[PDB]
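**Q** Protein chains in written order, with UniProt numbering: chain A, 19 to 67, 69 to 360; chain B, 24 to 288, 292 to 360; chain C, 20 to 106, 112 to 369; chain D, 20 to 106, 112 to 369.
Sending over a structure as structure tokens; questions will come in a sec.
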């Protein structure tokens, strides 16, 4: 009962589809899941037109089920990590670790090939817990905190994650050159927890401006990046561009008792506005991270091979990675390789 | 008894501090008390080598007697020594005793209040900055553990000295969160842990008014750093001035005794040593002596009761030396 | 009369009577307002009332003041409000909408009435804008409240100007700036510096500065030592000091007038409460609201009527125990008091 | 030319040559400055130098800038500094004393030189006064650091004016304000509002706003999409964005010019380091400093000499591998480079 909701072999997971596009990509997953006959029952939550009764219902559903799959709203709030839902997940459920996976895909034309980085960002402090005030007109003041217990969690999370997925490098990204106290604390705590508790893993540090430059020019030097709230959005968007856009980026959010899976870039530059045109890959891949976590993951390996194979052959690919098929076509092609699998 | 001898830290202070300190040294040798002074030469309430030596002496001896500097810093609780005692020694509770004295002409008679003030937070741990020109911003904290300590301290003190009322003084009407926390914690710790004691609350502005008009309604006041100085000065005025106010400062491991008003209100050999001597007896009590404390206390009360040999601030015309010698005189015949 | 919050005159073109907003408030509000009108008519003063309602309207959850009253008071430039009970803050929005920046708090002994302190005549001006009024509180870590408070040169150079012009306007030599340890708080350093800057524009006035510690020690041991002075302080200690002063003069807020001065508007009020449990019973004491009338008059220029309704009147009628009221160990009623005043009016 | 930080002309009354402070700095500073003078003499430009020392003097523990250099630069109105090593902050005091409020950071691809990104021509103006530069940190409770950061309308309506006037001055249609979620930070709301207010005083220019998230996604997938635009941002993201832009254009700070524009003074510099371990060995690359020279020239009005020393010169000499330098997988030396430039100069 600290455990994912489960009756007779079947998991109940929270499904929060989001807006119109979120519903399209969410339905892609629903469709692949029924086709593969996976033991998952969706408890779908309709958050109708950062509406308060829906946020309450989603939080309440997550409290019961512990695991969730979440789509997008393409309002500026959802994409940055603010807006009622995200703050609820962070304040009420204490979901403190955002993970985005940036792996290059076999059939996607990218300026820099074979990328494999993971960005882990702290999700409860800094940007997400400030105070801002205008006390004399024309002057805005920000008061933000960085605390050692929150930064210890995120460190252990990052190292435990590197351990579990056989990553060999963890780099803390910070601005300790200027913020000598706050970001100094961050760099220090990460490197200490590295040497004392995880000796088999290489710890390192990089100033965030240098990391930006280094990420667009020589991405291969990086493995797992750990950063405060404020720099993770920037590093993540470089990540997204590097592998062919937001539509290809898996994501997960973890707390001690809760996990919520969702595209790692919030489909930032996933405009492509039209009906049935959006890339469902990020949602599907996030879907498989969820399967892994639930202990399924035979199912996850299959679904993952299907989508990698489908995008490797330029046929039936969606418009943002150079194809011309609809999200439905793409989904059906995946389901098709699945039955013959 | 028969024991041995306590070594206590003595920090005399400036010129007047040294006068009143020497009054105590004199009474003490006359009564032949088993106390050895480890006297610390601190040039200024800022003199970095002196402050370090005083802290180090207190770490060894645990108990201290401290005079005054009449710089504005020492009188308000700032300046290097006071912050050292608060940051390094974690001395968190300042106590001032306002008892009316038998032979002192006061507009309101028979006063008996105790003001206990928190000494590590609020005013004493802020941050202030001027980030755009002409705008100063203060950032102060009030925390539950520090306020729980000061609460238990106050109630423990009421219990020990048979006081029946503890009133928390706060500004929760405006600072609903921070001073709300303060009022609540004091009243809760009262009802759950100290039922035999009456707890109450009063907004600080109303308490000011109430203190100058009807002081008798109060017993033990507990307040944050910021209001303690104001309540304490009303207290000092009520009983005839700073020269009559005993004081003590406590941490878990340390105690430093000193006049409770920092002598807000010179010439050579004219200052009232009473506050210092009375604080001196608080120290005796604490050390477990206090047979000696009862005698010295009776001596000074008796000496000031008879208007002869009284110092100039309570209407006499004698020097601090005359006053000291009169006290020592009633002591030998005791 | 002070150039800072000067009253823009102009009687009614027709009646030859000045327009003055009221706001009778509640509790003992009504019966105390009634007594003010009967003494303003009986002394024949150039004033026609215009009772306003300031009941807190809510706009965006932010407490706002009703437009009927806003327009009334913005036009008349003067108001005289009585007490009102407690629901943001009623008094706080009042000061924000009308640009009230200074609070004037006199505390004087009543001649012939035996109180515990004697010969007290204190004047205290406090800032009202910033400080703990515009303060912000928040929880930083789990058991930790942080307070944020602001002080500005502009707001300070304004109460301080007013303090000077007010000392001149009542014939007092010294203005005393009260502050806390100047070197360990640069917020008091800014207030003191601003006061020294203005010192030179007012050569007829002596500027003293005093530690709030010393001020309270002195004032309580001997209140008279400050009857030749006008004190100013930052918003922080204003509440405390003014209530301490009223404790010296009377032993309560009962007999205390107050003035809230803005650049154009100015509101005058007693500082005691609604006291609902004594409403209707005709036991109220209008002295406080009466003396705020005097301050209002004096702010308008009607000096002759001011002294008339203050000099003789209630000041002298508060002599003889069959007058007074239940609060001052008296026997009179709010009605018997009003005309006992009209007697020596 | 921008009216904001306009250059007050005046050549030397006698020589007919403009005075320009230097500050050769250290490490590879000397040899890179030498190259700039040899190319400014060889192209015959109206400029006489005046090397300054800015070694950090300490006054009250607060780092101050030497008076020799202050007077020199306050008089000349222009300076051109190279790198300098790291002892409050050397660069930070430099900007405070001379009132430098804007930092102009271009990032352009070199024609004929194969880098990983192509056709990038980016211009980013960032605020330099406030933000994390005027920031305060302190420990609130025992494991808890709080940061305080300030942004003002005044400082914002100034980089933003400059951004507009600089976009007009180099012929670009759009200025893009970059910010973070506007509704969940009213700090970026203030910056964006200020930009919309100035939008109307510059009708020839198109104002777009963009989330910094979207900007970095777009610019990295396709740099060229921004070569018709000038981006401004608040001080917060300035560091990160400008270094990301230089990663696109070159893959390091090696070829990057910058301008620090104030109300009257203006300092131009390369942004790479001292790189002491390659000093003396004649391996330095003056391109960065050279290109700052061009920006300096263009700020002075010497447009003809600007294009001369930029258009042909080092831009075109950076084509052919026997030139370049060790950093750009080249073989040339800092000496052989300087005259190889004077060749097509």
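Every residue, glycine too, gets a C-beta built ideally from N, C-alpha and C.
For residue 145 of chain B versus residue 80 of chain B, is the C-beta distance shorter than 8 Å?
**A** no
**Q** Pick out whichever of C/179, C/257 and C/141 has its Cα sitting closest to the Cα of residue 206 of chain C.
**A** C/257
**Q** Return the residue from the list B/322, B/359, B/114 and B/186 that minimises the CA-CA distance to residue 50 of chain B.
**A** B/322
**Q** For residue 353 of chain C, which residues in the same chain have their Cβ closer than 8 Å to its Cβ, ignoring the five residues on either side in sequence?
**A** 345
**Q** If you draw a straight line from the alpha carbon of residue 99 of chain A to that of residue 246 of chain A, how long is it in whole angstroms?
**A** 15 Å
**Q** Looking at chain D, which residues of the segment 147–159 of chain B have a Cβ within less than 7 Å of any of its Cβ atoms?
**A** 150, 152, 154 and 155
**Q** Going by other Cβ atoms of all chains shown within 10 Å of its Cβ, with 16 needed for buried, is residue 214 of chain C buried or exposed?
**A** buried
**Q** Please list, in chain order, the residues of the segment 155–166 of chain C that have any C-beta partner in chain A closer than 8 Å.
**A** 158, 160, 162, 164 and 165
**Q** Please return the same chain residues whose Cβ sits closer than 6 Å to the Cβ of residue 137 of chain A, not counting the five positions on each side in sequence.
**A** Result list for residue 137 of chain A: 120 and 243, in chain order.
**Q** Pull up the CB-CB distance for residue 149 of chain D and residue 126 of chain D, whole angstroms please, since I reckon it's below 8 Å.
**A** 6 Å
**Q** Taking just the CA atoms, how far does residue 21 of chain D sit from residue 89 of chain D?
**A** 24 Å
**Q** Please report whether the beta-carbon of residue 208 of chain C lies at a distance below 8 Å from any beta-carbon of chain B.
**A** yes
**Q** Got a sec, what are the start and stop residues for the beta strand (DSSP E) residue 152 of chain B sits in?
**A** 151–155
**Q** If you draw a straight line from the C-alpha of residue 141 of chain D to the C-alpha of residue 237 of chain A, how long is it?
**A** 12 Å
**Q** Here's a check: name, in chain order, each residue in its chain whose Cβ is nearer than 8 Å to the Cβ of residue 132 of chain B, leaving out the five neighbours to either side.
**A** A distance below 8 Å between beta-carbons, with the five flanking residues on each side excluded, links residue 132 of chain B to the following residues of its chain, in chain order: 123.
**Q** Using 8 Å as the cut-off, can you tell me whether the segment 150–161 of chain A makes contact with the segment 33–47 of chain B, which would need three or more C-beta pairs spanning the two stretches below that distance?
**A** no
**Q** Whole angstroms are fine: how far does the CA of residue 173 of chain A sit from the CA of residue 266 of chain D?
**A** Spanning the two alpha carbons is a distance of roughly 28 Å.
**Q** Quick one: is residue 173 of chain C near chain B, going by C-beta distance under 8 Å?
**A** yes
**Q** Mind checking who residue 92 of chain B pairs with in its DSSP beta bridge?
**A** Looking at the DSSP assignment, residue 92 of chain B forms no beta bridge with any residue, so it has no partner.
**Q** In this structure, how does DSSP classify residue 265 of chain A when only helix, strand and coil are distinguished?
**A** helix
**Q** Name the chain D residues that come within less than 7 Å of residue 168 of chain C, Cβ to Cβ?
**A** 164 and 165
**Q** Round the Cβ separation of residue 118 of chain B and residue 134 of chain B to the nearest angstrom and send it over; I've been treating them as touching at under 8 Å.
**A** That pair is no contact at about 16 Å.
**Q** Looking at the secondary structure, which residues open and close the beta strand (DSSP E) in which residue 135 of chain A lies?
**A** 135–141
**Q** Given a cut-off of 8 Å on the beta-carbon distance, is the pair residue 109 of chain C and residue 129 of chain C in contact?
**A** Residue numbering in chain C jumps from 106 to 112; residue 109 of chain C, which lies between, is not modelled.
**Q** Indicate whether residue 245 of chain D and residue 234 of chain A have their beta-carbon atoms separated by less than 8 Å.
**A** no
**Q** Give the single residue among C/223, C/68, C/30 and C/357 whose Cα lies nearest to the Cα of residue 310 of chain C.
**A** With respect to the C-alpha of residue 310 of chain C, the residue from C/223, C/68, C/30 and C/357 having the closest C-alpha is C/357.
**Q** Is residue 282 of chain C helix, strand or coil when you go by DSSP?
**A** Strand at residue 282 of chain C.
**Q** In the DSSP assignment, find the alpha helix (DSSP H) that holds residue 261 of chain D and state where it starts and stops.
**A** 259–273
**Q** So, at 7 Å on beta carbons, what are the nonlocal neighbours of residue 335 of chain B in its own chain, with the 5 sequence-adjacent residues on each side left out?
**A** 329, 342, 344, 348, 349 and 352
**Q** Cutting at 7 Å between CB atoms, please list the residues of its own chain near residue 250 of chain C, excluding the five before and the five after it.
**A** 146 and 243
**Q** Do we get a CB-CB distance below 8 Å when we pair residue 106 of chain B with the residues of chain D?
**A** It does not: the Cβ of residue 106 of chain B has no partner Cβ on chain D nearer than 8 Å.
**Q** Report yes if the C-beta distance between residue 107 of chain B and residue 273 of chain B is below 8 Å; otherwise report no.
**A** no
**Q** Evaluate contact between the segment 86–99 of chain A and the segment 194–212 of chain D, counting only Cβ atoms and requiring at least three cross-stretch pairs below 8 Å.
**A** yes
**Q** Less than 8 Å between the C-beta atoms of residue 100 of chain D and residue 44 of chain D, yes or no?
**A** The answer is yes: Cβ separation under 8 Å.
**Q** Within 8 Å of any Cβ in chain C, is that where the Cβ of residue 127 of chain A sits?
**A** no
**Q** Please report the straight-line C-alpha distance between residue 236 of chain C and residue 196 of chain C, rounded to a whole angstrom.
**A** Rounded to whole angstroms, residue 236 of chain C to residue 196 of chain C spans 20 Å at the Cα level.
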